[PDB]
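Chains as they are written, first to last, in the deposited numbering: chain A, 11 to 166; chain B, 1 to 1033; chain C, 50 to 241; chain D, 722 to 769; chain E, 290 to 337; chain F, 50 to 97; chain G, 866 to 913; chain H, 674 to 721. Just so it is clear, CB atoms sit at the ideal spot from N, CA and C, and this is done for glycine as well. Read through the structure below, which is laid out as structure tokens, and then see the notes.
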Amino acid sequence: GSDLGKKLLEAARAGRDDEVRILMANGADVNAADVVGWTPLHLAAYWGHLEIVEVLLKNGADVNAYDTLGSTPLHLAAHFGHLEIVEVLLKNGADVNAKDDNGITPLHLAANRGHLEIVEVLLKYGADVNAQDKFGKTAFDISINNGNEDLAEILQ
Amino acid sequence: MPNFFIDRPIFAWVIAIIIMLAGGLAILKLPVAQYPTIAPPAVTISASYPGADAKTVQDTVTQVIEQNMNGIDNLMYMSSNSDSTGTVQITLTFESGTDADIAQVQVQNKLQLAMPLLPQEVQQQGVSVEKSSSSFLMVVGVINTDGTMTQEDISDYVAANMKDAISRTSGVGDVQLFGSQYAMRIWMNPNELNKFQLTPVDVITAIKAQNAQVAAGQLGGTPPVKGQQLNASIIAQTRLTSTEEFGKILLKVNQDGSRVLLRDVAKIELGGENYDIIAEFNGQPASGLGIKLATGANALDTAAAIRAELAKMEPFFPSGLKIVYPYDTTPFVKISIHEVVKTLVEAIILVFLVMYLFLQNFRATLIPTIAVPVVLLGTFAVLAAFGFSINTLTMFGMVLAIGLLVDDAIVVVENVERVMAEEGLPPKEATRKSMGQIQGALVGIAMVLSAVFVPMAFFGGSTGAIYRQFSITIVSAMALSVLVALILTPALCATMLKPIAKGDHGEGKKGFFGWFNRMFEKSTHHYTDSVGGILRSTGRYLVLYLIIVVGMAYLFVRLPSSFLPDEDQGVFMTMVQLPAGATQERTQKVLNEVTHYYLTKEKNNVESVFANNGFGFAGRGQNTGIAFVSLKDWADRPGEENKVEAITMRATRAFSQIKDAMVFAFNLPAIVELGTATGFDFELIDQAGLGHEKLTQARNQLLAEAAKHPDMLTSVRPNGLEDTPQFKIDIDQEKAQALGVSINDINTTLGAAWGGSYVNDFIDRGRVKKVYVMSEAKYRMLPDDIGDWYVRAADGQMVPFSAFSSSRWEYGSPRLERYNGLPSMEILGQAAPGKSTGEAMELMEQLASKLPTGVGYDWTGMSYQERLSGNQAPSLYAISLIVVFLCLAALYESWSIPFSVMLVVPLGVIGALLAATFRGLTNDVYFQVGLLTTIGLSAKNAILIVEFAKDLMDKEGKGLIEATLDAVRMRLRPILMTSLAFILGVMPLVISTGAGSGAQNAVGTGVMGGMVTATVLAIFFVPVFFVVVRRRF
Amino acid sequence: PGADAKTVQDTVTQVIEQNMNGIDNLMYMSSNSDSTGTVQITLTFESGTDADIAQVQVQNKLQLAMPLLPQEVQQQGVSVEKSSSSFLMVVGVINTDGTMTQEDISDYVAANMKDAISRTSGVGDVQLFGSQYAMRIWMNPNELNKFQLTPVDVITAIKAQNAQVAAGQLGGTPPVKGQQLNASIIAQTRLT
Amino acid sequence: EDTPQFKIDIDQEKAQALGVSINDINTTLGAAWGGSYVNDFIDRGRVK
Amino acid sequence: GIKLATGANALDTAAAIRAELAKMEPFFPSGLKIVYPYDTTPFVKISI
Amino acid sequence: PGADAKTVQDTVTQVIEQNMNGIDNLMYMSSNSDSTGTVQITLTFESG
Amino acid sequence: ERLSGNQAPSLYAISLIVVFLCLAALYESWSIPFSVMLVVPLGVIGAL
Amino acid sequence: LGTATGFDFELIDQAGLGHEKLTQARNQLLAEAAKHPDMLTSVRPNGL
């Protein structure tokens, strides 16, 4: 742990881009993880802070970091609807078929909160649509149960 | 009327007597307290929901209760907050002037009716309505010095064996235990539970069944078979009493005839109800009682009583246990009283000395010494009558009234002594004339000082309550001082003063006195020659008056304002906050460091530190803590370097070095519950249902912009807590239903094991106490452990919790404010140095006006008050100045002459401002009252001179300048005497250091500096003022 | 909810009335129980009665009757109020766009204005000319039978699945030595 | 003055050995000897 | 529909209600509007 | 209901009594708990 | 009863003082009140 | 104040007769009421 890596975790979450910029000027740790495994990319990916996402990735941030239970910044982004972050992350090599410890996939999470664009993007970059979670549900299954017919159609 | 009592001295003695009797009785009966109640009535609802997060608490409890707080009367605002240790608090703040008991029962009844809408666990726990009081008389700490009993033990002891003792102690109105009594703790083991195929559900249902009260009835109860001979009660099952019994509770009978026993799947022990606070006092376990003084009670007595009771408890203390008094307001209140009694005595010794130096006969020197106690005694009477207590405010208002009291004596006695020396009249004819010469002015002076101090009581809210104290003290003192000077001292003068020859100005005496008298008569000619010259040249002095008026204007605005000075209170505190997710162990290591520092580096000053891991202002959690620090006496901590303000500066610096931990110290406010007179309290409101995340953004947006005006806003911050990582677990209904597993089984297994579950009551040692079932910490610490808890399916199979759940982190709020019903965030800040509060608020409002739609704002706290009643001062003081005019108009029968007198007001103010700015002091209430009295007293002298002058023209036909010079001569000696006495009298307060000295400094400085200039400037400017106005009109 | 005038009188009104005894300055007491499921008992006092204490007292005797009232009646919240019979004023709320139905306007008034006014000192009673919203389940028996479920099954599952669930903490007090993490456990929450 | 009391003690283990619910036991003993209020009825217009 | 609490001042309370409604108006959805169909208080002001 | 005087005293009378502290004008307080489960506590206040 | 006895002396003492003072004030005399205040035992003995 | 010369009157079932009998009693009263319109006007129930 470091004085700065904690400052970066904080600024990453809060979306203080110039703080992040200055922090990146000083070699603060892009791999600093908080108490639960979240790196500042996680923080950015979750809290919806596109600029910082890029800056971090540009500065050697790991796009396929995973937390105490398997969530990848793609997981967060797909799940909370941050289309642009999804796209950036996948551009920068984010595993679209990452499974957390429940076998949950950014497709699942996106299917579930019903982010049709994010679904298609993930499908575009090759989201395995026949992936199943712990209980065997496929993003389609999430779609039929939530009653989302457009999604159901997209997953054919 | 003073003729009446010149001829009837006994009558007047009787009136004196009666007044002194009423006074002495009030003195035996008046409540003693540090301060009166000044905060408005507030009633705080409180509830708890074991194992519950801040959202669950809000959605099931806080909203329900707030939705029901309807139809209570004189509510100003309601506000709540709901947090992640399962607590809620809802504070209803009532209008100033509400009956707190009407207010509390109205809150309590609507809550009652809301009680069936609450969670069943919360109903089982109870919800407490209480009157909000940060006012503690003292706090008794209870500690074990020989490592034989834990914090819980101490607490239980204190509960079972000490609390109620104190509660019944006289003058104690309320008592709070700093800990819990015991609870029966079942600490479950899930490996065993799954071995015998049991769950927390079986454990709970067995404790509800084998720890029960069963009603059973009677033998031979009405209606009986006639001819029954015995009527007896049937006692069946009662509550269990020991841990041995609980451990012998039968869970399962096997296929084997063996017995699964609740001791075979769980550890059984007495313990705390919670374990969320770790409390230590110098590293050793501790508990305590917080004792509030009861209404009407006397603080010095109650304290003694509390201590008395304690001592007779010590014989039965178990070994190792010791009492400690780490907070006690009564020594302040003792010092206060001793210091005021001190000042009031030195006061009469001084008027003795000054009276003799000038008048040089003992008979005169009696007349003030009788008259001053008469009025002071009879002031306590009026105090009592109006329902006032003996407190710090009323006591210093006593001190601010000495000058006005002293002066009334000096004025009457001296003018009889002067009429004698000048006219050779016997003491009865001389007083009768002398009274005829001040009798109107003295009554006038009463009306005018009324119009000074009376307006001050009519301020609103917290501040009006502090001004009300001084107002009533001071007007009372002066009103009896006028009564006593029209009733008692005329009589006394006519019947104690020895005569004086015509022309005998004591110049023929010898030694120190005869010299003084010639010296003074030379200086009275010296003086009247000087003023006669001044009067040839009024213009440069009008220019100098504008210079004075202008300097006062400048010094006014650049003298910073507070409302009460801090004190070295003997105590101060130290916050310890740690990151999101920081554990209780980690916070204890910081507090351990903080504790060690004080007992090492401040050994010389510090007596004790009390380290509460788990608590704080902003919130609660394993990651916060307060140390409370208690010092040795101000007479064992010499010099300003061992003051709190010193010790805190040092410590705060030391602790900025601490890693992963924000740590700092600070003094306690003068009056607990009030906050910075430079501060604001800002509520930011979700007004159209945006949600938490949205209001959080709108906040940071408001906090950013705020930081973009450092010239105007400083220390602008959130009051609450920040969102934190939490463990979201989802239950697969489908897998549950398919596996034959109830979700009520699932959610009570989880809730009991990981959150604690309150079951029922047992009776330990004749005391009823709670029974909790919870997992051993070893199995409820980490997400990994969720797979070790099994729930039984319908078909009897044991399904691991993992087989039907899933999990992820999200962020969530560990605290959640609300305000007048809506979600809120409380923003704190003050006006940057040199800027006023009303400005920093104007900007804070505009910065908000450019916030996202759906976000509103309100003003709460101190700010709510000053927003509604911070405008009044120039209203009120206007009416004041109008009446003072209207009065003097009637005194002198002239619309123009008033101005001559009124013009004196800047002359006293200036030196008060000078002496203040010099000593670094502040525009606060002690200073402001002292202004008021400095004005009143120099007003007094003005009114007498003009009267003497206007009289000499009106009656004896003297020319203007002739009258003015004679007036200013006769009134020179009295004015000298009063000021010299008084100035000297307020001396110890200015020099004062150590115990409780900021209060004395505040009163002393401004009164003495305002007096040096009020005395010096007036004797010259007043004749000036009078001649310019008589000429102009 | 759903009680005729007699079910309301014989399960509520009377049970209450028989407790409304020993109450200073009471003159009469009338009451109506009607088939909408509503009771109002009206205790009237001599002129000069302090309405606060007059309320404190009635409430005292009422809370003896509370546990004897039906569970359905308690959860509907029983009220006690000191007001004039007549209306001081009626505040109307319309929509000039017509972006919002009568039913929506009412739900806004009820959720965003009422409470603050009900909490205004002076305000003895507030009648919402409309109705706050509720999640309305509207059952169909033709399908209920078709799967062999009943309204009982429904209420059970809503209670089960629209649950706000206390579930503890990780690293909760009393913790284990060497504990790393302190985080709330969030399980089922109310549906929205 | 101090009265006698008849303490009856139920054997939980034997109750479970013979398959009887402590709640019916408790309810029998309580209802029979002490009485049990059950609900109200109407007597000529009065809840009783 | 607002009923005035026992004893309370009609004119004073009308006021307080108006002030409270004011703080809500800036958050009304599109085209939502207050109107004033029944008020017994103005007659008191006017006739006095 | 149905509890001895000692049970009723431990769990009900003592609980209420220990909160009847600091109340204005309280002269004395008497109270009893019996075998039928009834409790009464009587706080007597200074005349006036 | 214990209270009415405890307070009775104080009551008698202040009632004498009052009468005396009223006499001194009315008759402008300390002598007239002290002559009078000595008839008091003459009446008290007859009541006793 | 009331509605001018309005009188306000109550019929009570003092004996458990029932709602139904009391209704007939009220009907019987009201009929006779209409037979003295030199004295009584707009006499009417207040219920359903």
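So if I threshold CB-CB distances at 8 Å, which residues from the segment 149 to 176 of chain B count as touching chain F? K163, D164, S167, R168, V172, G173, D174 and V175
Does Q213(B) have its Cβ less than 8 Å from a Cβ in chain F? yes
Can a CB atom of chain C be found closer than 8 Å to the CB of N747(B)? yes
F145(A): contacting residues in chain B (beta-carbon distance under 9 Å): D732, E734, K735, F804 and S806
With distances taken between CB atoms, is the gap from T199(B) to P119(B) smaller than 8 Å? no
What are the boundary residues of the beta strand (DSSP E) that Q112(B) is part of? It is not in any beta strand (DSSP E) - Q112(B) instead sits in the alpha helix (DSSP H) that spans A100 to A114.
Rounding to the nearest angstrom, what Cα-Cα distance links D153(B) and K589(B) in this structure? 23 Å
Terminal residues of the continuous alpha helix (DSSP H) containing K850(B)? Careful: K850(B) lies outside any alpha helix (DSSP H) and carries neither H nor E.
Since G71(F) and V139(B) should fall inside the 8 Å C-beta cutoff, what is the C-beta to C-beta distance between them, to a whole number of angstroms? In fact, because the Cβ distance is near 17 Å, the residues do not count as touching under 8 Å.
Contact list for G71(F) against chain B, beta-carbon separation under 7 Å: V172, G173, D174 and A294
Exposure of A704(H), with buried meaning 16 or more beta-carbon neighbours within 10 Å: exposed
Alpha-carbon spacing of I1019(B) relative to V333(E), whole angstroms: 58 Å
Who does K252(B) pair with in a DSSP beta bridge? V260(B)
Between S170(B) and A305(B), how many whole angstroms is the CB-CB distance? I'm expecting something under 8 Å. 5 Å
In whole angstroms, give me the CA-to-CA distance for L816(B) and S880(B). 47 Å
May I ask which residues mark the beginning and end of the alpha helix (DSSP H) holding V909(G)? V905 to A912
On the DSSP bridge list, what partners appear for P725(B)? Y811(B)
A670(B): which of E734(B), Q584(B) and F563(B) sits nearest, CA to CA? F563(B)
Looking at C-beta atoms only, is the number of pairs between the segment 406 to 424 of chain B and the segment 359 to 370 of chain B that lie closer than 8 Å three or more? yes
Determine, using beta carbons only, whether residue 1036(B) and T934(B) come nearer to each other than 8 Å. Beyond the ends of chain B as shown, which are 1 and 1033, falls residue 1036(B); an answer cannot be given.
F94(C) (DSSP reduced to helix, strand or coil): strand
Taking Cβ positions, are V45(A) and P725(B) nearer each other than 8 Å? yes
Tell me whether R123(A) sits in a helix, a strand or coil according to DSSP, three-state version. helix
Looking at the C-beta of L881(G), does it have a partner C-beta in chain B at a distance below 8 Å? no
If contact is defined by three or more beta carbon pairs under 8 Å, each pair taking one atom from either stretch, is the segment 940 to 953 of chain B in contact with the segment 486 to 494 of chain B? no
Reduced DSSP secondary structure (H/G/I, E/B, other) of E893(B): coil
N- and C-terminal bounds of the beta strand (DSSP E) containing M987(B): Here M987(B) belongs to no beta strand (DSSP E); instead the alpha helix (DSSP H) covers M987 to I991.
Can you check which of these residues, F4(B), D858(B), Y545(B) and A889(B), is closest to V1028(B) by C-alpha distance? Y545(B)
Do you know how far the Cα of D730(B) is from the Cα of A803(B)? 11 Å
Run through DSSP, which three-state label would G511(B) get? helix
Alpha carbon to alpha carbon, what distance is there between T115(A) and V30(A)? 29 Å
Using three-state DSSP, classify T82(A) as helix, strand or coil. coil
Counting only the same chain and skipping the five closest in sequence on each side, list residues whose C-beta sits under 7 Å from that of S757(D). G751
DSSP state of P800(B), grouped into three classes? strand
Pairing CB atoms from the segment 315 to 328 of chain E with CB atoms from the segment 141 to 155 of chain C, are three or more of them under 8 Å? yes
Is any beta-carbon of chain A found at less than 8 Å from that of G787(B)? no
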